[PDB]
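No Cβ is skipped: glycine too gets one built from the backbone with ideal geometry, and neighbour counts run over all protein chains shown. Just so it is clear, none of the values below were taken in a lab; they were calculated from the coordinates.
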Amino acid sequence: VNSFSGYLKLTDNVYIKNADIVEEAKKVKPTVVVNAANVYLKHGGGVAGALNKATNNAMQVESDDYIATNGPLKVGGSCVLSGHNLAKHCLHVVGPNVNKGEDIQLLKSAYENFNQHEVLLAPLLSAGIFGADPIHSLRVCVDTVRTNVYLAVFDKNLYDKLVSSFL
Ligand SMILES: O=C1OCCN1[C@H]1CCN(c2ncnc3[nH]c4cc(F)ccc4c23)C1
């Protein structure tokens, strides 16, 4: 039993809710919140910008030190950093950004990072300003992630479309 509330169950291990991931993280304080990161961990907009703003820029400060030490992530890769006031840990995962021409096949590699964590609160990778089709992202999620994932979808209209079209 866990504290996630109001989720629709899609499969054995995948759950979904129309929610602001920032507000959901603040309320649940999950072990892991996933950030929709880029390779430079520059959290300017979308989910990343919102998560970073909620940490009062502490996420960005920590991220800048990470990059200065380790260099950029790979598209499809991830790193574990602090969850600050939102979660124990933040798993920064880089999905391909279609608006930069990155290969959508890398979306499966991106979701594989979730399997290293038993339970996660996450957005749909490569959705929103990353330019992929969220219906496709949900399908890859369900077909790749085997651990327990609680997906937060900000847009109510999109949430209803994702549920209604789910096979
Ligand atoms: O949700 C969504 O509908 C439309 C597309 N799309 C994607 C992109 C945004 N993303 C999110 N997912 C879950 N929580 C979120 N909180 C946010 C706060 C912000 F300021 C900007 C983006 C998000 C967000 C999924």
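One table, with the values for the structure above:
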| item | result |
| --- | --- |
| Net charge of Cβ neighbours under 13 Å - reference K29; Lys, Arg +1; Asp, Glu -1 | +1 |
| Extension gain from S164 to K74, taking 0.36 nm per residue of separation minus the Cα-Cα distance | 29.0 nm |
| FRET efficiency estimate (nearest 0.05) - Cβ-Cβ, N56 to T31, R0 25 angstrom | 0.70 |
| Taking region 8-165 and dividing mean pair separation by its residue count, relative contact order in percent (alpha carbons under 8 Å, at least six apart) | 30 |
| Contour minus Cα-Cα distance for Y7 and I104 (0.36 nm per residue) | 32.2 nm |
| Burial ranking of peptide ranges 45-57, 61-73 (average Cβ count within 10 Å, highest at the top) | 45-57, 61-73 |
| Neighbour net charge for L121 - beta-carbon separation under 12 angstrom, K R +1, D E -1 | +2 |
| Packing-based ranking, highest mean first, of 99-111, 81-93 given that Cβ atoms within 10 Å are counted | 81-93, 99-111 |
| MRE, 222 nm, helices only [DSSP H, n ≥ 4, -39500 (n - 2.57), over the chain, to nearest 500] | -10000 deg cm²/dmol |
| Charge dipole magnitude, Cβ of K and R +1, D and E -1 - region 54-167, Cα centre, debye nearest 20 | 200 |
| Antiparallel content of DSSP bridges confined to region 8-165, in %, to 5 | 30 |
| Linear extension gain, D155 paired with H136, 0.36 nm per residue minus alpha-carbon span | 5.2 nm |
